[PDB]
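This document starts with one chain, in the form deposited in one PDB entry, laid out as structure tokens.
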């Protein structure tokens, strides 16, 4: 009756074998990198495809880490990032407008470096995530800029990777160092609904970083690698689908 992802079956097996393998010798970041080494050895033992691009951190290191889930420019309007920088941004060294601001869904921003404040609001009925813009007199002057839920879903589908948050014991025996892994929390999915709840809760941030080229034929024009959707790595265990392997 039961079915599951073939790849996930192998990855879980590999992680289960590392955890159940007791003390592992290492030449030591040490806890995570040793885990990465052992996982690499499981590819051969399982004749599995590569378990590459899985980020490995301890709970301790995860708590200090900020993960970018993906980058993505607004769905609407066309040329939104150019409007935002020119209208609401500030002049840089070179006389070109830029907008660099972290925005959340629980509070408005309050930066003294810009003449506008920002908040994310989830328009659940229209299935869009809106950027609200306020002037310093608390007037909400614009909520036209948005990301569709489908666009965000597509980013998640294309860009999400597995992550394992782990812990271990260590010891020294006969001048040699060993780690023994307690467990692994394997993050496997994040839904658009959970993403949007996380923005509302103040746990997921939207990092707008819209620059301008200073020279060349593109001088003065928008330089933007995409608005980044970011979350503390421990915090991701609140929102994601997570398998505990012990």
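Rigid core here is just the name for the largest C-alpha set that superposes within 1.5 Å across the two forms. Numbering follows the first chain given and starts at 1.
Below, we turn to the form deposited in another entry, even though it does not appear here.
For the listed set 136, 91, 171, 107, the sole C-alpha moving 2 Å or more between this form and the one not shown on a rigid core superposition is that of 171. Shown in the overlay between this form and the one not shown, fitted on the rigid core, is a CA shift at residue 12 of 2 Å or greater. The Cα shift for residue 55 between this form and the one not shown, taken after rigid core superposition, is 2 angstroms or larger. Core-aligned CA deviation for residue 45 between this form and the one not shown: 2 Å or greater. The pair residue 163 and residue 153 approaches in the other entry: their C-alpha atoms are at least 3 Å nearer to each other than in the form depicted. Here's the thing about residue 163 and residue 156: their CA atoms end up at least 3 Å closer in the other entry than they are in this form.
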